[PDB]
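Peer 1: Below is the structure I would like to discuss, written out as structure tokens.
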Amino acid sequence: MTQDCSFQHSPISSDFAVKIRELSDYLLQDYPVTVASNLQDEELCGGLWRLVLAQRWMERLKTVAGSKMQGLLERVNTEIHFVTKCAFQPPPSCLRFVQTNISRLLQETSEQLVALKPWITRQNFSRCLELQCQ
Amino acid sequence: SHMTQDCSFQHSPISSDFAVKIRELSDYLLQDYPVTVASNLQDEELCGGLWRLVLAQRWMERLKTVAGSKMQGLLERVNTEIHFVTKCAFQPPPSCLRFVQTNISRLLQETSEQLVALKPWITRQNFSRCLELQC
Amino acid sequence: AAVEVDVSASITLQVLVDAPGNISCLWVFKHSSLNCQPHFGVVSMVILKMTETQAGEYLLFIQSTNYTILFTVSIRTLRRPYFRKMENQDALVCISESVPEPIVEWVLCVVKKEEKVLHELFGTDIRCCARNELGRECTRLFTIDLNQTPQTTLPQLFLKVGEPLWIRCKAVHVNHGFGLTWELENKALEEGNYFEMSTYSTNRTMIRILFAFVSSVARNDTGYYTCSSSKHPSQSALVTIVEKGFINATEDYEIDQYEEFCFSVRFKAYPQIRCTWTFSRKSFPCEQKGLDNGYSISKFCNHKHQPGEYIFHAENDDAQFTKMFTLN
Amino acid sequence: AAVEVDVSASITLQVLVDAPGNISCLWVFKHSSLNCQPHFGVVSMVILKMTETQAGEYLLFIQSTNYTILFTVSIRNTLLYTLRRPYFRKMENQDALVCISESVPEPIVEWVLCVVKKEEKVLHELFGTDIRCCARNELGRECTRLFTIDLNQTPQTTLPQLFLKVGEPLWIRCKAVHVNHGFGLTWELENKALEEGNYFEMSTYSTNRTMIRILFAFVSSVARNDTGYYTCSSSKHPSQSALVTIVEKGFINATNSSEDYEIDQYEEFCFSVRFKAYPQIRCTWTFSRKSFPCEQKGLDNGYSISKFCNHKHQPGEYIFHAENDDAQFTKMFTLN
Ligand SMILES: *[C@@H]1O[C@H](CO)[C@@H](O)[C@H](O)[C@H]1NC(C)=O
Ligand SMILES: *[C@@H]1O[C@H](CO)[C@@H](O)[C@H](O)[C@H]1NC(C)=O
Ligand SMILES: *[C@@H]1O[C@H](CO)[C@@H](O)[C@H](O)[C@H]1NC(C)=O
Ligand SMILES: *[C@@H]1O[C@H](CO)[C@@H](O)[C@H](O)[C@H]1NC(C)=O
């Protein structure tokens, strides 16, 4: 089916932490972004759900970014764009968002990529397509 | 790091390539970052741009403190282009002065404009009466 | 787009577009049609011995899109760069003439920026270079660095009457509080012969450029020019202006094949001369090096203990010269 | 038999004889006796921080046969000058390589990715281009280029041959560039599988969402076992290969014949010498005692071609002497 989600080859690069440190070097750290506040605890889909959300933020940010900031955003966007290879359903009504610093979002994104790196190609992420609230 | 009171410049403190340092800062900026601008500055074709540059200058300092290692350099480099305003003992803003939230892109654009208009007069005028900001 | 064909040459002419797919071409030769079958996309027209007949307007129309290409097939000078300040803003432009048309690259020492229009005129060693089929002729922008240590022999600047004079005066100071001024024959220079630029450096440092220029020089403009700063020492340079291109230079010899010797020729000449050391038809070029005193001294050492007439022929665009050196 | 001890060093001294059986030893130190209990046969005397006291005449008598061994333990009062070419080691901490170049005096270790130079001794940005480490001291500059196999690039119609002395570390980086991240890389030897502690994979992104993959293979210390045809294949690219030749001693293969030439001071000419030699040779062009070094450039065909042009129309014998750590060479070029 087209209701599946899995990756044969690693879509997570080794030098992704570099592209995030480079973006952060030109960022105003307390720029307001959001993070889901009540994402169900699911050690399989968890980081993936937040990466999808973080990914949605990289796109929004590119539209209000300067010519050169657009490149740094896009370059971080590429590191996590693979999440769109999967038909993730729109956030549920139960999902609450909370305002946080872009530095917080970037740091978490890095962490999620690290935790996801050893499992991205071994798991079937078909059940992650529906974001859940705890 | 210098002095203050009475305000005039013998040699042009406005560089020719200041528009470059602002385009370079803007290239790494999130354009709608919230800054402020005075909303009710008295119309004074002599002190006007100078008052806003002083205020814009105060913003470059605040921004440097929350800027990343590399953004600090871009801010500081734009800060240098307009730091001359501190050579003068500008009095603190009056109680009547209202500030309004605007995009940092707006502040940067206006700063460029103020430098352009101020460039031909910065060394010909006595700016001693600009030290008190008016509403 | 411009093709240079050397004699009855055998070469291929191919062009590729980043989109390989089911696309068709059609060659449009010199007032005649031609069929094509290319590769996936890259199209080509190859020629073995290009005759004066097989040269000219050659077009290539494509369809996926509906594109068209055109090539000018031709068959087989280099005047040094000149300068003109852009009337629009505070930036310089390089006017170098040549046949074929050359690569005009600004080089600030080293960093190369091929633009023909330079806006970042601040400091270092700025020199424009023209590069064509003939070679590479360069014109360096004359600079006077008051910030830098002083040089000797009252910088002598030579140029032909009608040429544009360019002298950039650069001074670096801690605070912005300092000015710059130009003076010729202890006088306040023409209003349309001066321009001031300024920028910031490192720890809130200021760099000032107060360049002086002449559109077309004359005997009137020749003289001792000096640049003084309101926080720096007044450094100067003298300008020597001649009606037309010139060569000025100030013999018989004999030695035994045991002595180490080199022929010499001291000369003050403008523009830089093309020199040649010829002997018994065999001609070798020269290391036309500068003596920095106020002339350039050319040398020749490969005498090969061979006796006879060693003739030195040197010439520029508007002047010629020859000196006969006997040997025994 | 001669031992060179550098400072208060901690090393072991063992000797083995091809006959393991019920045989007994007895250590005879500097004018003093010592007891032993060895392995089956190999005997040993290990030392931690060898003091100027713990040095000299050390004998070891054995009985099945009735044998006797003797060793002369000296100290590093002498520190001879050298320039041993760079070696490589993957930092155990992360996904990055480290340049181990030895020399007396200690040299400048600079990584060059072609060109861009980055003097760091530790390289982390290992992606593509022409990566080569260079050591530079008083003696000069010896470089070790990282062997690369670009599956993304055009094939070298020569089937590359890689030579190295038994014990040296083998390093082969396989780089492949693909549009999407969907592709893998794999290493193989002719009828032999690649060891788990002989492979490492790195990956990053390029231009418009492109993916570059580095699957390098390495051998800690090579042997006859590790010599063979290695191949890299990608799950979106063609399998390109290179054969690994193990060597006992250094060599120089050049068509030495001592060639004669003649030209008139009007002709533009350069003397040439094509050679396939390992390790990189130190070359010298000498004539009438006046010696000039050479641009020992590579022809990439399967040999390096050294050139000399400053003939100065001067006639006579132009001799080219080239030599590496375990080999020498000389070619005589007559001129008229
Ligand atoms: C030479 O030209 C300059 C232009 O500034 C002018 O001031 C000067 O009078 C001229 N000299 C003569 C002798 O005409
Ligand atoms: C080949 O490698 C294996 C594993 O390290 C080792 O056991 C074996 O001795 C090697 N072969 C030779 C001939 O050294
Ligand atoms: C060099 O040539 C000799 C010719 O006898 C040959 O024995 C040797 O194998 C060659 N060396 C290499 C590395 O091919
Ligand atoms: C090369 O050949 C020449 C001519 O036989 C000989 O003189 C020379 O010693 C040879 N050199 C080597 C390194 O074999």
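All positions are counted from 1 along the displayed chain.
Recorded method for this deposit: X-ray crystallography, 4.3 Å.
In case you wondered, yes, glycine gets a Cβ from its N, Cα and C as well.
Pulled these features from Swiss-Prot for this protein:
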DISULFID  D:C25-D:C36  disulfide bond
DISULFID  D:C134-D:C143  disulfide bond
DISULFID  D:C174-D:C232  disulfide bond
DISULFID  D:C270-D:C309  disulfide bond
DISULFID  D:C283-D:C294  disulfide bond
DOMAIN    D:155-245  domain 'Ig-like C2-type'
CARBOHYD  D:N22  N-linked glycosylation site
CARBOHYD  D:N66  N-linked glycosylation site
CARBOHYD  D:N208  N-linked glycosylation site
CARBOHYD  D:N225  N-linked glycosylation site
CARBOHYD  D:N253  N-linked glycosylation site
CARBOHYD  D:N256  N-linked glycosylation site
Peer 1: How far is it from D:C25 (disulfide bond) to D:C174 (disulfide bond), counting Cα to Cα, in Å?
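Peer 2: For D:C25 (disulfide bond) versus D:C174 (disulfide bond), the Cα atoms are 52 Å apart.
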Peer 1: In the structure shown, which of the disulfide-bonded residues D:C174, D:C232, D:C294 has the fewest other Cβ atoms within 10 Å?
Peer 2: D:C294
Peer 1: So 2 residues are missing between D:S64 and D:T65 in the deposited model; what's the C-alpha distance in angstrom?
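Peer 2: Cα to Cα, the distance spanning the unmodelled stretch is 5 Å.
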Peer 1: At the unmodelled stretch of 5 residues, I want the CA-CA distance from D:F40 to D:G41, to the nearest Å.
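Peer 2: So the endpoints of the gap, D:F40 and D:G41, lie 4 Å apart at their Cα atoms.
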Peer 1: Could you check which of the recorded positions D:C143, D:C232, D:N253, D:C270 have their CB within less than 6 A of ligand 3?
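Peer 2: Among the recorded positions listed, those whose Cβ sits under 6 Å from ligand 3 are D:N253.
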Peer 1: Near D:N256 (N-linked glycosylation site), which residues of its chain come within a Cβ-Cβ distance under 8 Å, counting only those 6 or more away in sequence?
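Peer 2: Counting only residues 6 or more apart in sequence, the Cβ neighbours of D:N256 (N-linked glycosylation site) under 8 Å are D:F329, D:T330, D:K331.
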Peer 1: May I ask you to report the DSSP-based helix, strand or coil state of D:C36 (disulfide bond)?
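Peer 2: SS state of D:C36 (disulfide bond) = coil.
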Peer 1: Run through the Cβ atoms and count how many others sit within 10 Å of the one on D:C36 (disulfide bond).
Peer 2: 14
Peer 1: I'm trying to understand the geometry here, so how far is the Cα atom of D:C232 (disulfide bond) from the Cα atom of D:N225 (N-linked glycosylation site), in Å to the nearest whole number?
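Peer 2: Rounded to the nearest whole number, the Cα-Cα distance is 19 Å.
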Peer 1: For D:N66 (N-linked glycosylation site) and D:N22 (N-linked glycosylation site), determine the Cα separation and express it in whole Å.
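Peer 2: With distance taken Cα to Cα, D:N22 (N-linked glycosylation site) is 13 Å from D:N66 (N-linked glycosylation site).
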Peer 1: For each of the glycosylation sites (D:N66, D:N208, D:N225, D:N253), count the other CB atoms lying within 10 A of its CB, then report the residue with the highest count.
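Peer 2: Of D:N66, D:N208, D:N225, D:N253, the one with the most crowded Cβ is D:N253.
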